[PDB]
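Notes follow the structure.
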There are 4 protein chains.
Amino acid sequence: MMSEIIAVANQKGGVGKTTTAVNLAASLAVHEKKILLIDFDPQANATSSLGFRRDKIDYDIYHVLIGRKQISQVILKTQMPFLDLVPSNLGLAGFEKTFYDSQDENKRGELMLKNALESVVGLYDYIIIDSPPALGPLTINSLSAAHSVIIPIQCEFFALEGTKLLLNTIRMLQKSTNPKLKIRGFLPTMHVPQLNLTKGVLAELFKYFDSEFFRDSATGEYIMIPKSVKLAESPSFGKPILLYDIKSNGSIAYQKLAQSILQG
Amino acid sequence: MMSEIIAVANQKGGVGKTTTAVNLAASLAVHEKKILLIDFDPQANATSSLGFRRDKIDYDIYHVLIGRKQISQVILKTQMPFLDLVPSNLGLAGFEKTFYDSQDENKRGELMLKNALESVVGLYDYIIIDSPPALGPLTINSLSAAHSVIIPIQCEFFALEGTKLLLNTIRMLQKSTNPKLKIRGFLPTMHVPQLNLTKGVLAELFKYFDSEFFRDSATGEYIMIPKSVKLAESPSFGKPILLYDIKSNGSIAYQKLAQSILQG
Amino acid sequence: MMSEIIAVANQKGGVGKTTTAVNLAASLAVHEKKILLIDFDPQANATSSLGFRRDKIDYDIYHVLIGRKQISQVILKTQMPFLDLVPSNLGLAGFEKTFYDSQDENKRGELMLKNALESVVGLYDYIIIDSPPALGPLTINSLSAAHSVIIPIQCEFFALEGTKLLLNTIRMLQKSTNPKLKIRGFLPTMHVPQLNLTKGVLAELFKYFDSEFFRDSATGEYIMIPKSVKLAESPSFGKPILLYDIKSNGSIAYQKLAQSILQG
Amino acid sequence: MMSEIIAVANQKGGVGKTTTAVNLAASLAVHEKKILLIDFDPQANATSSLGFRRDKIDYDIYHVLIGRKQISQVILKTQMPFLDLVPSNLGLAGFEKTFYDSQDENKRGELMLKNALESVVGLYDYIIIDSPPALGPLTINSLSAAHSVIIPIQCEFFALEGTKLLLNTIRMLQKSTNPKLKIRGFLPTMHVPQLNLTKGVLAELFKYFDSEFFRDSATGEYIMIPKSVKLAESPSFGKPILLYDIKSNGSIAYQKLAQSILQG
DNA sequence: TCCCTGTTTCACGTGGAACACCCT
DNA sequence: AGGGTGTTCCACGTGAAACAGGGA
Ligand SMILES: Nc1ncnc2c1ncn2[C@@H]1O[C@H](COP(=O)(O)OP(=O)(O)OP(=O)(O)O)[C@@H](O)[C@H]1O
Ligand SMILES: Nc1ncnc2c1ncn2[C@@H]1O[C@H](COP(=O)(O)OP(=O)(O)OP(=O)(O)O)[C@@H](O)[C@H]1O
Ligand SMILES: Nc1ncnc2c1ncn2[C@@H]1O[C@H](COP(=O)(O)OP(=O)(O)OP(=O)(O)O)[C@@H](O)[C@H]1O
Ligand SMILES: Nc1ncnc2c1ncn2[C@@H]1O[C@H](COP(=O)(O)OP(=O)(O)OP(=O)(O)O)[C@@H](O)[C@H]1O
Ligand SMILES: [Mg+2]
Ligand SMILES: [Mg+2]
Ligand SMILES: [Mg+2]
Ligand SMILES: [Mg+2]
């Protein structure tokens, strides 16, 4: 078995990584492929996006990382049979400090998620890592474990400057800890295609990275997640979009994305 | 003269800390008050919004915090004569580790920005601090220096959970490092007033904090930053809203906010 | 006992006079008051709305008006024991010529229904008259017999000229043949409260005649017949609504109107 | 030219005779065919639907009928260059009386409009006569003058029985005054296709007249004018649909009606 | 059989954004 | 260009109507 580990990371906040991670885990699970979703955000927004109470959460990914628990100990099962969740909690914040301690003694600790996943990388088809809004210790784990990264891009101004910096970190890890690391693609999120700022910022990213933009290679048209209030309602009902409204366009786009991920 | 030091912070990403910080700084500056805007985010989105190139930026608040530099050295003057900026860069990220080097050694380092600011706090009326989307060391400095905090709320689902944690952290620092700290107000931003998820999240937040909401005290009415494409186009021109589009509603909103802050 | 003789008239077609007449008669009959419903329309829409067969009906109000029959001869008893019907047929169309013959012969004939009615006017509590869509002879009789008039209003454009014109003709008779005639009230019908044309036409009519709009005198709110497919399904079963579907909103409306008419 | 005369008549009120007449005149005028539209209704709602004043109308179809005027004297020009209007006014009511005087002397007067129209039957391609909600003298004139009749049917209950009666009158004229008379078709109006009452009355009327239903010769499919609030606003701006909102479904439908009429 | 609640589909109103005139 | 004007597109909310188990 070969888990593809796809890290949904992007250091910018509010750009759709928790909406993308949760909902791709879902929309790929319905393709009857076994999905594990890691919640690497100390806010634990993905955990709650699937209906859990972080407050009624005993053991989570932190204790796996430091070795106090096996990752197979913490996995929870979700309302979707094919989607299982490694939940998160505020305790994951501690990991920041933890990380630098290894940085002081043996320059490891980028690869803690790498080791924590090693024991289930054959039990799942896809392991999707929802990353927190930083380029800090946690995000670096997320990338180091990963086969590829999915980059949610909200076509507003700062996502210009932001992206290159992120890619910079990628290359750095591509020369340092994770050689295999590929960009699985760029994913426009919250898309409003008729705004002019969006036309411009998309055009810029096209210029530097059109080859990285997700196309449903079935019809080749670009796959962009539409701004959908329904997409932002779905976690409130402890549900993906698939279980909350399978016919809304948020869902259509995230299933199209899953199709594209699958076609190769 | 004694600057009110006001941190626009919130640990959730994309919620308007940077947009509110830039545009409150500007909308107060035109009111003929001398403002310093600190960019406490390694993303340097506030710097970038005022038209600078982070990449053609020499020394920043990082070198201030490590003592290599004076806070008064790094200040740049902006296209508004009354608004000054302390810029940022990824080097500020390094502070993460620097902070914990204090936590291991003498359990301070909460109050670093407080001390570096000490030398410019009488040279300004308001010091407006744009925070990063975390509860880590940087936001801890950002809050601890501050007299009061402005909490921009994106009225969607997670604004529920997050907010409670944020205030608790506020309460925590009030009982440890900054006892004088006040909540200046909550700030609904990107407001689509007719959406149902918004009505709901506003209702919950009203029940728990209705009095802490920015009111146009002339009419008592709520002050809410409307979703406005122009509010998000303006930094692509390195301009605040009032220099980019003074008549749009994003702008009118921020000047009502600024007026409210001045009235007390 | 002195039956109030209430004419539901309006010169525009399809505005609910036949639906209002049937359903007010029924909603008052359920209040244990004895009601006679005159079908003054050669279409005999009120007749068939109560389940009779215009074709298997022998003698009708025509032969009453020409004296060939007593008004007490043509009355049929209906599916409601307290509701009686003077039925109609196409032969009532003949009366047009006949009217002008009286116009030619003794300058009466507006008051023919009045005369034909004299023999049943104390035998009923309310005598409810479904008028045809004109200001011609039949409607002139119908107003001339009547104590008061109920004007069903379809809140579209032509209700504007139309309304004031109907009121005009009312005043004419009030100064000539039937001065006692009172406007029992105005009744918005088929009411869709959110359409903009309705808002506009209602606002116009309000400015000119708000005091005439039927109010739930219990709660003072307006009485408006909601658009109810069932209100239009009921006559196909030869039934009023309260015999058809008493919990529907059309039904509650007509009963609220009935309460209002009795309430004073 | 040989003017086709199409009388839009049906005795039930509020079934679309006037919205249909006005709008077919318009949708036919735009095929660059010369249209003369008679307002044969004393309410003259067709006149007022074309932006004219009953208040500003000097000579109208009444004075033509009594011979005091030429039809060519009263014709007006409309905002559409290929559509001209013979307007109406409440004085047309007088014609009722007029008709019976001839019934008393030489049993003519069905053929008054026929005679008045005699002078423009080569100057127009189509002359469209909007009838009042009666089977009275005017409606009979309109049918007698006309080559064919267009019958708007609102698929509710009373338009079941009503239809049979109307056809009877056709046959009467077809046997007495007007042998050429054709039913150009039945035209479903205010159509709500998913209501069950509408399905049913359609099914019934299909049963009896399935061959009389207007087919868009393009798809063979039935042409049924949808409930369109915009179709009902159009007279408030003195305009047809095609000048007021040419892309709404009201307009497309009245245009399809125009094409079907044109093919023959 | 009488009822009661979850879903669909559809028109219409609303308010934002782009765009094209248009003043002048 | 700057500073109105209205026209076109789209998402979302609403509320009515047909329908469908589900219910003993
Ligand atoms: N395509 C979309 N349309 C509408 N709303 C969306 C869309 N994608 C995401 N959202 C909403 O945007 C808000 C934040 O997005 P989300 O948390 O998924 O991004 P994030 O980067 O994970 O945030 P953070 O970095 O703070 O964890 C939520 O309300 C989310 O539901
Ligand atoms: N009132 C508003 N209307 C429309 N767009 C807005 C508004 N406020 C902010 N935005 C936009 O939303 C995007 C994210 O917002 P912004 O970066 O101001 O929030 P933030 O707090 O800076 O994010 P971070 O949390 O990472 O600092 C930006 O393109 C910004 O222009
Ligand atoms: N409030 C309502 N909701 C729904 N349908 C209605 C309503 N009121 C009337 N209708 C329907 O509209 C159609 C015509 O209304 P109705 O015939 O009662 O008015 P009318 O004055 O009788 O017409 P006429 O002017 O020819 O006598 C009927 O099938 C009727 O059932
Ligand atoms: N397709 C439609 N959708 C919505 N409203 C409509 C439609 N057609 C007509 N109406 C409106 O319903 C009302 C009456 O229709 P209209 O007067 O054309 O029928 P009518 O037969 O002319 O009435 P009359 O029998 O008194 O002549 C008007 O306000 C009319 O514009
Ligand atoms: Mg998240
Ligand atoms: Mg920021
Ligand atoms: Mg009637
Ligand atoms: Mg008419």
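To be explicit about the labels: the chains of the structure tokens are called A, B, and onward in the order shown, and within each one the residues are counted from 1, while ligands get numbers from 1 in the order they are shown.
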- prompt: Once you count only C-alpha atoms (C1' of nucleotides) and all ligand atoms, which residues end up within 8 Å of ligand 5, and could you hand them over as a VMD selection string?
  reply: chain A and resid 13 to 14 16 to 19 41 43 to 46 130 to 133
Let's have the selection written as a PDB file, in the first residue's frame, with N, CA and C atoms.
```pdb
ATOM      1  N   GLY A  13      -3.932  33.152   6.372  1.00  0.00           N
ATOM      2  CA  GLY A  13      -5.159  32.799   7.064  1.00  0.00           C
ATOM      3  C   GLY A  13      -6.399  33.118   6.252  1.00  0.00           C
ATOM      4  N   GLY A  14      -7.446  32.344   6.501  1.00  0.00           N
ATOM      5  CA  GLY A  14      -8.692  32.531   5.806  1.00  0.00           C
ATOM      6  C   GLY A  14      -8.687  32.206   4.332  1.00  0.00           C
ATOM      7  N   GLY A  16      -8.868  28.866   2.950  1.00  0.00           N
ATOM      8  CA  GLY A  16      -9.587  27.661   2.583  1.00  0.00           C
ATOM      9  C   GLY A  16      -8.903  26.341   2.838  1.00  0.00           C
ATOM     10  N   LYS A  17      -7.795  26.317   3.572  1.00  0.00           N
ATOM     11  CA  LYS A  17      -7.116  25.046   3.820  1.00  0.00           C
ATOM     12  C   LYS A  17      -7.934  24.101   4.708  1.00  0.00           C
ATOM     13  N   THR A  18      -8.591  24.601   5.739  1.00  0.00           N
ATOM     14  CA  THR A  18      -9.468  23.747   6.549  1.00  0.00           C
ATOM     15  C   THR A  18     -10.747  23.394   5.800  1.00  0.00           C
ATOM     16  N   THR A  19     -11.305  24.298   5.008  1.00  0.00           N
ATOM     17  CA  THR A  19     -12.466  23.940   4.198  1.00  0.00           C
ATOM     18  C   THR A  19     -12.052  22.940   3.113  1.00  0.00           C
ATOM     19  N   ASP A  41      -3.925  21.822  13.142  1.00  0.00           N
ATOM     20  CA  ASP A  41      -4.150  23.208  13.525  1.00  0.00           C
ATOM     21  C   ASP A  41      -4.492  23.190  14.998  1.00  0.00           C
ATOM     22  N   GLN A  43      -6.030  25.375  16.548  1.00  0.00           N
ATOM     23  CA  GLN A  43      -7.430  25.760  16.696  1.00  0.00           C
ATOM     24  C   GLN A  43      -8.374  24.566  16.550  1.00  0.00           C
ATOM     25  N   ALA A  44      -7.952  23.482  15.881  1.00  0.00           N
ATOM     26  CA  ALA A  44      -8.791  22.303  15.678  1.00  0.00           C
ATOM     27  C   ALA A  44     -10.103  22.687  14.980  1.00  0.00           C
ATOM     28  N   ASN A  45      -9.969  23.461  13.901  1.00  0.00           N
ATOM     29  CA  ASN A  45     -11.153  23.810  13.137  1.00  0.00           C
ATOM     30  C   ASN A  45     -11.636  22.634  12.296  1.00  0.00           C
ATOM     31  N   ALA A  46     -10.742  21.776  11.802  1.00  0.00           N
ATOM     32  CA  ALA A  46     -11.186  20.606  11.042  1.00  0.00           C
ATOM     33  C   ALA A  46     -11.887  19.579  11.922  1.00  0.00           C
ATOM     34  N   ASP A 130      -4.239  18.890   7.284  1.00  0.00           N
ATOM     35  CA  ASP A 130      -4.733  20.264   7.363  1.00  0.00           C
ATOM     36  C   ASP A 130      -3.704  21.049   8.169  1.00  0.00           C
ATOM     37  N   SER A 131      -3.121  22.040   7.561  1.00  0.00           N
ATOM     38  CA  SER A 131      -2.031  22.744   8.221  1.00  0.00           C
ATOM     39  C   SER A 131      -2.542  24.019   8.885  1.00  0.00           C
ATOM     40  N   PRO A 132      -1.814  24.540   9.885  1.00  0.00           N
ATOM     41  CA  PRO A 132      -2.195  25.816  10.555  1.00  0.00           C
ATOM     42  C   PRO A 132      -1.652  27.008   9.792  1.00  0.00           C
ATOM     43  N   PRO A 133      -2.133  28.214  10.075  1.00  0.00           N
ATOM     44  CA  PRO A 133      -1.763  29.403   9.244  1.00  0.00           C
ATOM     45  C   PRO A 133      -0.404  30.036   9.554  1.00  0.00           C
TER      46      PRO A 133
END
```
task: Using only C-alpha atoms (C1' of nucleotides), determine which residues of chain E fall within 10 Å of chain D; present them as a ChimeraX atom specification.
output: /E:9-12
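Minimum distance to chain D across C:26, C:108, C:78, C:162 (counting only C-alpha atoms) occurs at C:162.
Interface residues of chain D facing chain F, defined by any atom at most 12 Å away and using only C-alpha atoms (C1' of nucleotides), are residues 192, 193, 194, 195, 196, 197, 198, 199, 245 and 247 of chain D.
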task: Go through stretch 26-146 of chain A and collect every residue that DSSP, computed from the backbone, puts in alpha helix (DSSP H); the answer should be as JSON, numbers by chain.
output: {"A": [26, 27, 28, 29, 45, 46, 47, 48, 49, 61, 62, 63, 64, 65, 71, 72, 73, 74, 94, 95, 96, 97, 98, 99, 100, 101, 102, 103, 104, 105, 112, 113, 114, 115, 116, 117, 118, 137, 138, 139, 140, 141, 142, 143, 144, 145]}
- request: Report the distance between atom CA of residue B:32 and atom CA of residue B:123 in Å, rounded to one decimal place.
  value: 13.9 Å
message: Residues of stretch 6-163 of chain B classed as strand (DSSP E) by DSSP on the backbone are to be reported as an MDAnalysis selection string.
response: chainID B and resid 6:8 35:39 76:77 83:86 126:130 148:154
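Comparing the minimum interatomic distances between ligand 7 and each of D:158, D:186, D:244, D:52, counting only C-alpha atoms and all ligand atoms, we find that D:158 sits nearest.
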May I have the residues within 9 Å of residue B:261 as an mmCIF file with C-alpha atoms, in the first residue's frame, using only C-alpha atoms (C1' of nucleotides) and disregarding those fewer than 5 positions away in the same chain?
```cif
data_model
loop_
_atom_site.group_PDB
_atom_site.id
_atom_site.type_symbol
_atom_site.label_atom_id
_atom_site.label_comp_id
_atom_site.auth_asym_id
_atom_site.auth_seq_id
_atom_site.Cartn_x
_atom_site.Cartn_y
_atom_site.Cartn_z
ATOM 1 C CA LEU B 28 -7.375 58.430 12.530
ATOM 2 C CA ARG B 184 -11.596 48.320 23.060
ATOM 3 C CA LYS B 256 -16.878 55.945 11.851
#
```
